[PDB]
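A.B. asks: First the structure, which I've put down as structure tokens, then a few questions once you've had a look.
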Amino acid sequence: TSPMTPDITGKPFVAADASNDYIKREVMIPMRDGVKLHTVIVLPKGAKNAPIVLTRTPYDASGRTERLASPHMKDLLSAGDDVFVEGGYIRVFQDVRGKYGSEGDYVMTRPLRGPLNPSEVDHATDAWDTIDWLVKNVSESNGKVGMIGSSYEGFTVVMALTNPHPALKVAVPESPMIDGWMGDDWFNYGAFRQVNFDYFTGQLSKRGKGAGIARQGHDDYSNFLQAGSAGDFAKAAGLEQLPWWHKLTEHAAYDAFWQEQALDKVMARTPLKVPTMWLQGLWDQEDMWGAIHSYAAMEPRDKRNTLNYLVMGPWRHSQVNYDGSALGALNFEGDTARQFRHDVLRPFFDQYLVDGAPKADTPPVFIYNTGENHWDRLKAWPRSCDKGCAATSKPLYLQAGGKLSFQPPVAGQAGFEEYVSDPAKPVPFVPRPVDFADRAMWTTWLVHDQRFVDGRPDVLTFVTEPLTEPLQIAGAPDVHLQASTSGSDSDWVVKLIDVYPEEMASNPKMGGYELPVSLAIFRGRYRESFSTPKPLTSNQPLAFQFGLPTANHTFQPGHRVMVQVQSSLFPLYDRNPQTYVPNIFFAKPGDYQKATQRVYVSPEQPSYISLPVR
Amino acid sequence: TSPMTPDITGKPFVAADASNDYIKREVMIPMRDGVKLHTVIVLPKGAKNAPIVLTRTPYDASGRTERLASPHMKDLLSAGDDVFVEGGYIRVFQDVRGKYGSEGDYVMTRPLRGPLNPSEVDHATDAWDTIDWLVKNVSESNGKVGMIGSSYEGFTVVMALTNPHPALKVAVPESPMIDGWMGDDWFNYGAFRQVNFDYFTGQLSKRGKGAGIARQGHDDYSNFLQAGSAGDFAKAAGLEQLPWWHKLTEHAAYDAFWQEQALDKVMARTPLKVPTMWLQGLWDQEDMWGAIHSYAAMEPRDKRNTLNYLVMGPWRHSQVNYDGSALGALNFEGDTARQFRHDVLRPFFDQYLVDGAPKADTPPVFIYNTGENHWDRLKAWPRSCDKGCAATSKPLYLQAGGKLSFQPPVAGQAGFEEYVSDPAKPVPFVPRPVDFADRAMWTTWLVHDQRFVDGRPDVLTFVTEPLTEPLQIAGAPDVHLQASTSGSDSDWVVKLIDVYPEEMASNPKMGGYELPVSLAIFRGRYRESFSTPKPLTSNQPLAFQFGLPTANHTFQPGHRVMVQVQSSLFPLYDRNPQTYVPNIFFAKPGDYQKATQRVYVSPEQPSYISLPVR
Amino acid sequence: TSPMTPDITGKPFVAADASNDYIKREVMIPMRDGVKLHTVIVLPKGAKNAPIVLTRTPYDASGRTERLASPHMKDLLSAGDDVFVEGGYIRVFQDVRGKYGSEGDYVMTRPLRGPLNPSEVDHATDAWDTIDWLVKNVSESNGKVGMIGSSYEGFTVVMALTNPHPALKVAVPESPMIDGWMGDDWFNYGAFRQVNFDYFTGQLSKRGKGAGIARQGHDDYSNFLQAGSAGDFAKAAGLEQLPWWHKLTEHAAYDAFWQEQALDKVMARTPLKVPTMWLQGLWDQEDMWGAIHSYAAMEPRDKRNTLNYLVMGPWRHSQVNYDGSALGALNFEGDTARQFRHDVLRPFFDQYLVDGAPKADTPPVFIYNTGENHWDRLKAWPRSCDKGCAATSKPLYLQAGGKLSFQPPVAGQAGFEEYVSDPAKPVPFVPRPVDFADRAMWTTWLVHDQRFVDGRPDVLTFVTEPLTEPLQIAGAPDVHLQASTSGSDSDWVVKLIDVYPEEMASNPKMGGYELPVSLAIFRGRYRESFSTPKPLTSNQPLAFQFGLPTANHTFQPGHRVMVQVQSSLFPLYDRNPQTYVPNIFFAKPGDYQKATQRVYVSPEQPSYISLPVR
Ligand SMILES: [Ca+2]
Ligand SMILES: [Ca+2]
Ligand SMILES: [Ca+2]
């Protein structure tokens, strides 16, 4: 070999694959319009009549099938695919239209053929053509296909369910994106989520891998506050080059653009034919709305209770595919994620995909009790609600003096609790400094101790005396807030908290820990209507009604129930200027004003939470 | 904005840069043969008559100038560039010929025009054409250029020094690759370094970013042992596709291929014209030979002591560009890396690059004492050696019964210490499991406590009684080993160790800690000649002589001096089969045999280390 | 208040107790012979007809009832007492005779009235007199008592069971000290345990709190090796002042002194009257022999299977009273300790102690499967043994070339595997440096990855190929070692190991992890008799038979089964000098000699482990 022989030959370096216990095949599958989608198929060596598990993703199919470069399939594929490797399944990941190895144009959460999409293709037809090709060209398969995926990967499963290929025998949409305005990714009750600015450049900058937005500093509390409004931050970052950004600001309210994209409404008029398991985390910080709302839209038509299932674990977004033994300071009884994957998911998929496999005794509802630390196998959910459930909700009244109880307010006390909300000094949603990039912070923010803001003058705290008997809730709490603002707009944040016993000697850090079981924010301008915003009348007590995330939680003896109320949750949510403007995205510096907020706790105007007690 | 408007546009997304305090400018510089090299220039805004600091790298110039996407130049550039940002320098990184954005073919450490390179270009001409272009095309510059870089980036500096452009006013080769066979990257005294297998696929798989090699498991001790020889592992990993791998196995001995690449020999015949500062770490685990040998090759001709400098800090490879406050369990007196960059490097560069800058009080030698924890400013180095230095070396004799002293062996005792070296059960160079991916393990292996192998039957341990007075060494120890093997080949590993006081109450983990101050391996087949290997005569005591890494270390009172001897250091070094084979890279399973080793400690055949005491 | 008024008044400072939810009373209960024992009684406020849980301890009753100075009983008492606080029990801790607040003389594990104790009192009579006083003087109780305790606190429960007071309705000896010579605290098959030297000064220096032994250095590997024999270390430390030390060295063999103290032999002749639950950890590093052997001594007479229970969790010594969610690098399915305490222990105690309490569904055997990670509820144990069990044991033969399989050795291979055992360089039982005071090291040593010694020339390794199907063992493995030694004595250490799959991508550190499922040491001089030691015939293959710790473990697919054999386990066990001496405690420097060890693996003399497969 000559010394001047180029050490980089130019020809592709073929990695070793002799010792592999799998085969990886990449193929460009033509859709009905000629556009080919990059599809990666991983088969166990010696696979015969094996089912296929398919996932359609905008997060790199080649990368999703290489958690680690390894000759062992169990290590090659992600942690969440462990049960599929153990079951001898063929795993397939496909790049959606317009991303990574696939051809075509990319449209964020490409809408269904209809009012928003006049083309001949969408995610439903793309999944159909994909499945058709797989059962006709993968000789190692038995022609049976199951679909699974979390977040955007769950959204593609839902799209396939709108009109599924006959070969699709089972589906598991995990934390799917269903309604990005009401309560999933983009907004929550109209309040815009700034955490997704990095997602926009990360997914829309290039066909393939993108990047986050360069910051002025480390603390996002400071980065966003200094920039001003959400529109100011975006403009300075160059986001006006992205059509998606223009779509968000042109549709700030819940108009036809968002209504026509709500997939739970679509599931309501979609016939039940494919056994589907709606899954999400109880602390799903990205898609809290999706799974539970989609499950409820189809459950009334699940006549025999064997086609529509619900799964809600003690998980943060997508934790179902990793280790569910803990979340932040909370410890659970074993790896709850692995428990779900092995005890419930595997037998459910085997029943519909593996030849000769027995029927599984899949629980209609598989939900974790975050207070008692154990799974619950039920026939229905919720167990308690205002009407139609086994148990009836009980009003939990906010009381004067920062108290909280099931007894209606008595006369002869202060009619309300007051606090000033200052947009220039907003309440932080997590301890400063805030780093949206820090995955540890973002995935655990919903279970973080709230004492870092308890005692702030712009946060109201209501608490019960220590419980002597366990209080079990099992449903979706509903806020019935009676509040006024001296401004003409305002956000209202309510947190339902489990305060641990003041002392916890066996785990000292948990002593007095304020765990948010369920919390939400509501953009006040949408009080009467989500599609048609209106200014709030200054200094007038008004009724605000909105649901808090689902909870299957027992407040144990020694614990207290607590409710915190505030008017900002920054920088996760852009600040409500507190003066009515046409579009908060483009609020001007002078529009931001302090406002005197009042939460009423009188017999005539009682604030309370309809708690799903059982 | 229509809903179907592609969210990923035809016109690429461009990040905003209005708040930037620098300007990044890319250029394609044509070399003399027409090949263009991708060059990245980072200028402070308002830069005028500013000096340039240039680095030529095979590690992505665009990546090297983006430690963090940020509007602040200090954060955008690497930690090691802090003093250049503070000094208002224009920073330039260039992709070497055949890598990343550059055109041309890539040849690993492209040799100088000569016997190994018949072309008209090499790193010397490329650096010359680059500097000529920069001074004629960067209007913001004062036409003065300084070069710096660590490892391969240091190697490109040395290549420029063979025939430097008149505009090159100063050079700082940090841990440069000088002799990859004698003691730098590829081999150490002929013993092959398996840690670089991942580097081959990482740098030679493609023009741009490559990847590591997929392992069968987590523990490299097991991965390499199970594979067999280095050639078996490489063959299985698909490395026979890389011409570099064939160059290594075709030139296992120190033949013309390696002799013609030794840059210290080139420096010996290179006139001293550009002020040069040779730098490396005392614990440089990748390029231990380079800087010190190159410095010594030029120092005798440094008439006024102002053209050739030496710097040796308490660092691992490239730590000079990060934080030097500690290394593994060792704590030093402040951030020694920052101290060097600010107190020595900055004034040195300024003196020769900034118009009208003052004279720097640059110490001819800047070397850290790892035993007293402070820098030493000296006029010469070494301070002690066999002859020609201020102090003279003293033999430190290995003794029977595992003893060690400066007194020659006495009669009436065992003439040797014996151990069996078994290739099937080699001595680990770091505690198992060995993870070559774990950067923390690799960067700190040389300072790791050796108690994890002390007490093994295949490792001999010689130790003094606790010292009552400080023992200072300041030079390069030289091993004079008298040893026999029952086989026909063998490796000899010698570690000079500082054993800390048995108790260290203020830092308990340091109690009895066995810190290797200096260690080296020698491949026995090269005992008589590095170019002509010969079998070792079975059962015959033979003299081996080889140098240990430089040390400026004071063994303090309460400490002991220790020497460990073994015949494997795995998996860092491939195993010597202990039977004489033509090429150890291709040793067969049956070639590996146990061997009875004897280290002689008698008056007639005394093993000792020539210690550079002062 | 005058400025010169002494700030320390001299009168006792009464801590506030108004807010306490408990009442703490201290009383000196007179025994049969007039000697009063300090007893601490903790009653919940408003206690009426409450049962008592009693523990007798030599570890400070006042300290045991104050985990934290707190007004909440749950936090005041230890973590393990959580279920008793929840159950409204009165908790009592009593200082044993001669310790802390109690009067009388202290005798280590004071033997029962008989040949070793001619006095009128022992732990049985002391417990009787205590229980009698409690039911007659504690008006807040219902006159029913349960006993519990771990280690020495479990030993006092067993002493009460030899002749229990009628008021004792239930007992739970946890990791009790049963046979301190055969396999509990002082020795293991005659091999002396040096870890207890600190225990001797800690418990025998003073009536109250003692201290450990001052060391020369940090590393006990070095401290003990430098001192020489166990006797040399003890003499230098001043331990000849302690009668206990003289008792140990005067009874090095299993003579009448130890036979008369073996409580499992006493339980074999003790009528089953009190529902007893024998408990220990599978990795009980202090009392591995006790619970399982005592359970087996009484189970044949448990006619209705309702008076004798067994519990073996995935625990280290006493972990049952803390958090059992993990042990070292091992993760279990939830807090297994809390699971046992709440799901099994609480209902078991309530049934026999609380008025009108319901029947508990107590599993006859509650044993954790360390390979499948789940509890097993069985009617009997073991599930597999040589004869009389549901399954029969299968021989796992050690093979030449470091192999292992269920197939008998074939001819034509090497008849044995050889290694030299050097007492001057013993095999470490845990990575150096060894610190017996480091609780983290000591509690997790039995589950530590054994790769730190795998590959040592003085440790033999035998391993199977990767398993394709699960291999479940459920019983006590029995070693049938055929081995010789060139010396006249030797220790034999055997480890049964579960080697995790080479790669574990979801938990990288577990890749190739060598987990010791079960290990034991056997002092060779007791090959034919534990009471009468005899020299081993030099170079003659001899049969060694001894049991390994119980295992309920499934070696899963991908894992390998491994067996390691060595002749030292230092410094936990003193070194066998390898030349026969009358008493190893007083071995002289010249008695320690290297010895050539041979483990036979031929068809004629096959070494194997009788594995309890099912
Ligand atoms: Ca259903
Ligand atoms: Ca000089
Ligand atoms: Ca029983």
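Residue numbers (our numbering), protein chains in the order written: chain D, 48 to 661; chain A, 48 to 661; chain E, 48 to 661. Every residue, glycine too, gets a C-beta built ideally from N, C-alpha and C.
1) Taking 7 Å as the cut-off, is the C-beta of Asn352 of chain E nearer than that to any heavy atom in ligand 3?
2) Please list the terminal residues of the continuous alpha helix (DSSP H) segment that includes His340 of chain A.
3) Mind checking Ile339 of chain D: buried by the 16 CB within 10 Å criterion, or exposed?
4) What is the residue span of the beta strand (DSSP E) that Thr532 of chain A lies within?
5) For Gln273 of chain A, does the count of other Cβ atoms within 10 angstroms reach 16, so buried, or fall short, so exposed?
6) Taking only beta-carbon atoms, is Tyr153 of chain D less than 8 Å away from chain A?
7) Which stretch, first to last residue, makes up the alpha helix (DSSP H) that contains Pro394 of chain E?
8) Using the beta-carbon of each residue, which ones in chain D are nearer than 7 Å to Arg240 of chain A?
9) Given this structure, state the Cα-to-Cα distance separating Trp292 of chain D from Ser66 of chain E, to the nearest angstrom.
10) Taking three-plus beta-carbon pairs below 8 Å as touching, is the region 348–363 of chain A in contact with the region 307–325 of chain A?
11) In the DSSP assignment, what are the bridge partners of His389 of chain D?
12) Which residues of the region 65–82 of chain A have a Cβ closer than 7 Å to any Cβ of chain D? Give them in chain order.
13) Under 8 Å, do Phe453 of chain E and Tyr647 of chain E count as touching if we go by C-beta distance?
14) If you measure from the beta carbon of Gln460 of chain E to each beta carbon in chain A, is any gap under 8 Å?
15) Indicate whether at least one CB of chain E lies closer than 8 Å to the CB of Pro480 of chain A.
16) Count the other CB atoms, across all protein chains shown, that sit within 10 Å of the CB of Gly193 of chain E; report buried if there are 16 or more and exposed otherwise.
17) So is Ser535 of chain D buried or exposed if we call it buried at 16+ other beta carbons inside 10 Å?
18) Nearest by alpha-carbon distance to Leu595 of chain A: which of A:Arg144, A:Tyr236 and A:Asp64 is it?
19) Do the region 349–369 of chain D and the region 412–424 of chain D touch if we need at least three Cβ pairs shorter than 8 Å?
20) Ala174 of chain E and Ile137 of chain E look like a contact to me (Cβ under 8 Å); what is the Cβ gap, rounded to whole Å?
21) Contact criterion: CB-CB distance below 8 Å. Does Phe271 of chain D meet it with respect to chain B?
22) Does the beta-carbon distance from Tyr573 of chain E to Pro563 of chain E come in below 8 Å?
23) Are the C-beta of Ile225 of chain A and some C-beta of chain D separated by less than 8 Å?
24) Is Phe60 of chain A close to chain D, meaning its C-beta is less than 8 Å from at least one C-beta of that chain?
25) Here's the rule I'm using: 16 or more other beta-carbon atoms within 10 Å means buried, otherwise exposed. How should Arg479 of chain E be labelled?
26) Compare the Cα-Cα distances from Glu549 of chain A to each of E:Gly264, E:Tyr153 and E:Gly449 and report the closest residue.
27) Check the C-beta distance from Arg144 of chain A over to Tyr153 of chain A and give it rounded, since I have them as a contact under 8 Å.
28) Taking residue 671 of chain D and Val474 of chain D to be in contact with their CB atoms under 8 Å, please state how far apart those CB atoms are, rounded to whole angstroms.
29) Please name the residue or residues paired with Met609 of chain E in a DSSP beta bridge.
30) At a CB-CB cut-off below 9 Å, which residues of chain A make contact with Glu297 of chain D?
31) What does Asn164 of chain D touch in chain A if you count any residue whose Cβ is under 9 Å from its own?
32) Leaving aside the five residues before and after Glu73 of chain A along the sequence, list all residues of the same chain whose C-beta is less than 6 Å from its C-beta, in chain order.
33) Is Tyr466 of chain E near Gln603 of chain E, with beta carbons less than 8 Å apart?
34) Applying a beta-carbon distance threshold of less than 8 Å, which residues of chain D neighbour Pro290 of chain A?
C.D. replies: Concretely, from the data shown:
1) Start at 1 with the first residue of the third sequence, and residue 352 of chain E comes out as number 305. Checking every heavy atom of ligand 3 against the Cβ of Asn352 of chain E, one is found closer than 7 Å.
2) Translated into the one-based positions of the second sequence, residue 340 of chain A becomes position 293. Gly337 to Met345 is the span of the alpha helix (DSSP H), which, as asked, contains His340 of chain A.
3) For the purposes of this step, residue 339 of chain D is taken as residue 292 along the first sequence, with counting starting at 1. Under this definition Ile339 of chain D is a buried residue.
4) Here residue 532 of chain A refers to the residue found at position 485 of the second sequence. Looking at the DSSP string, the run of the beta strand (DSSP E) that includes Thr532 of chain A is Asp525 to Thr532.
5) Stepping through the second sequence from its first residue, residue 273 of chain A is reached at position 226. Exposed, because fewer than 16 other Cβ atoms sit within 10 Å of the Cβ of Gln273 of chain A.
6) Within the first sequence, residue 153 of chain D is the residue found at index 106, counting from 1. Interface residue, yes.
7) Residue mapping note: residue 394 of chain E aligns to position 347 of the third sequence, counting from 1. Per DSSP, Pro394 of chain E belongs to the alpha helix (DSSP H) from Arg393 to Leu400.
8) The residue you call residue 240 of chain A lines up with position 193 of the second sequence. Within chain D, no residue comes near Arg240 of chain A; the closest Cβ sits about 17 Å away, beyond 7 Å.
9) Along the first sequence, one-based indexing puts residue 292 of chain D at 245. Along the third sequence, one-based indexing puts residue 66 of chain E at 19. If I take the Cα positions, the gap works out to 59 Å.
10) yes
11) Here residue 389 of chain D is taken as the residue at index 342 of the first sequence, counted from 1. Paired residue(s): none; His389 of chain D is not in a bridge.
12) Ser66
13) Taking the first residue of the third sequence as position 1, residue 453 of chain E is located at position 406. Taking the first residue of the third sequence as position 1, residue 647 of chain E is located at position 600. Going by C-beta atoms, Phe453 of chain E is not nearer than 8 Å to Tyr647 of chain E.
14) Taking the third sequence and counting its residues from 1, one reaches residue 460 of chain E at position 413. With 8 Å as the cut-off, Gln460 of chain E does not count as an interface residue toward chain A.
15) As a position in the second sequence, residue 480 of chain A is number 433, starting the count at 1. Yes, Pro480 of chain A counts as interfacial toward chain E.
16) Numbered from 1 along the third sequence, position 146 holds the residue referred to as residue 193 of chain E. Result: buried.
17) Along the first sequence, one-based indexing puts residue 535 of chain D at 488. The residue is buried, with at least 16 neighbouring Cβ atoms inside 10 Å.
18) Taking the first residue of the second sequence as position 1, residue 595 of chain A is located at position 548. Of A:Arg144, A:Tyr236 and A:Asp64, the residue nearest in Cα terms is A:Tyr236.
19) yes
20) The residue labelled residue 174 of chain E in the question sits at position 127 within the third sequence. The residue labelled residue 137 of chain E in the question sits at position 90 within the third sequence. Incorrect: roughly 17 Å between the Cβ atoms, too far for contact.
21) Considering every chain present, this structure includes no chain B. Its protein chains are D, A and E.
22) As a first step, residue 573 of chain E must be located in the third sequence, where it is residue number 526. As a first step, residue 563 of chain E must be located in the third sequence, where it is residue number 516. Contact flag unset, no.
23) Walking along the second sequence from the start, residue 225 of chain A turns up at place 178. Taking Cβ atoms only, chain D never reaches closer than 8 Å to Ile225 of chain A, which makes this a no.
24) Along the second sequence, read from residue 1 onward, the residue named residue 60 of chain A stands at position 13. Chain D, which has a Cβ nearer than 8 Å to the Cβ of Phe60 of chain A, makes this yes.
25) As a position in the third sequence, residue 479 of chain E is number 432, starting the count at 1. Answer is buried; the Cβ neighbour count reaches 16.
26) Counting from one through the second sequence, the residue named residue 549 of chain A turns up at place 502. Of the candidates E:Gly264, E:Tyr153 and E:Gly449, the one whose C-alpha sits nearest the C-alpha of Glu549 of chain A is E:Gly264.
27) As a first step, residue 144 of chain A must be located in the second sequence, where it is residue number 97. As a first step, residue 153 of chain A must be located in the second sequence, where it is residue number 106. Rounded, the Cβ-Cβ distance is 7 Å, consistent with contact.
28) Nothing can be reported for residue 671 of chain D: it is not among the residues displayed for chain D, which extend from 48 to 661.
29) As a working mapping, residue 609 of chain E is identified with position 562 in the third sequence. For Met609 of chain E, which the question treats as bridged, DSSP gives the partners E:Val510 and E:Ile544.
30) To locate residue 297 of chain D, count along the first sequence from 1; it is residue 250. Those within 9 Å of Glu297 of chain D in chain A are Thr48.
31) Numbered from its first residue, the first sequence carries residue 164 of chain D at position 117. Chain A residues near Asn164 of chain D: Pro50 and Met51.
32) Here residue 73 of chain A is taken as the residue at index 26 of the second sequence, counted from 1. If we look at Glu73 of chain A and ignore the five residues flanking it on each side, its Cβ neighbours are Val87.
33) Looking up residue 466 of chain E in the third sequence gives position 419. Looking up residue 603 of chain E in the third sequence gives position 556. No, these two residues do not count as a Cβ contact at 8 Å.
34) Within the second sequence, numbered from 1, the residue matching residue 290 of chain A stands at position 243. Neighbours of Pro290 of chain A on chain D, chain order: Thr48, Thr52, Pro53, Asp54 and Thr56.
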